[PDB]
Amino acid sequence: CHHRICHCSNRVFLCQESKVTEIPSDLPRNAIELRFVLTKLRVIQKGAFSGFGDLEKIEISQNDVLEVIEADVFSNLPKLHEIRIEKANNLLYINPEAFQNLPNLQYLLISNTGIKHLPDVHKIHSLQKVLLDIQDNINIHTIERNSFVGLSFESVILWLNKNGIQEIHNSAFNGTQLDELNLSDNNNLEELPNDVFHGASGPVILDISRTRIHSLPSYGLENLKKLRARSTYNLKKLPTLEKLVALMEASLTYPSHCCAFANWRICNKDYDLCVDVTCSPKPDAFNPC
């Protein structure tokens, strides 16, 4: 296979190097995979990847002159399950109309970009379980109300770790089925408001490791099974096992918290074929319990 500027092999198109300044008009509609690496793209044009009814994967990596993702860009793609927006140091803005109806989306990666805000996902409406993985985006400082509603009709995994988050609004997770939520390595994050988990299932897994979070909310943790709070020094007070009923594993900071989980606590049939809280740090060298 051969294209004017993009390298091609088995309906897979890799558009690499500085010679690539605009997304080619002559890209075959049958394309399965489309990659844009090391390009001198300044903007990804309004409705650029619309029409590729076969296209299942998109990659936008290592583009140092990309600044904006226009409206209607990720539209008319019934077969797309994966988008990867990686290493885009000058990408500051994403039009709240960029992510359109993507019914088979399974993975959205936004890593190491300069984006000032989270992506607008209310128009995705995927039929699939979605993994929204947003990491190393130091210019993202706030998760606003209803940030993930309409992303999926299915349960969702939300990796919002290693960004620059310091504010989380009430109901930020409303109208969402939260499977897993990772807020770790957002060091400036000082508090989890009480209505953070308002109108949201779960999460089953929560990671607040290496955060200045002082306390957990009174409700919303009724489904929490795994809590990861490594180097979460501002906590010190945890909810009672009457509130964390579902909790079965917990990797915390203070060994005093583990002592409280010990000494207190079937199904028809490595694998968990279905007993107490698997807590750490658990040292006996100093206790105190």
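Residue numbers here begin at 1 and follow the sequence given.
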Per the record, the count of deposited residues between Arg265 and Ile266 that have no coordinates is 4 to 9
Between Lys19 and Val20 - deposited residues without coordinates, as a size class: none
Check the entry's C-alpha temperature factors for 161-169 and 189-197, then say which stretch has the higher mean. 189-197
Mean C-alpha B-factor comparison - 227-235 and 47-55, higher one: 47-55
Candidate set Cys259, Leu252, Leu34, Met248 [ranked by C-alpha B-factor, highest]: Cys259
Ranking every modelled residue in this chain by its Cα temperature factor as given in the entry, which third contains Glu86? lowest
Mind checking which third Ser218 falls in for C-alpha B-factor across the chain? highest
Relative to the other modelled residues of the same chain, rank the CA B-factor of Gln62 and answer lowest, middle or highest third. lowest
Among the modelled residues of its chain, the C-alpha B-factor of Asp120 falls in the third labelled middle
Please rank the C-alpha B-factors of the chain's modelled residues and tell me whether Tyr93 sits in the lowest, middle or highest third. highest
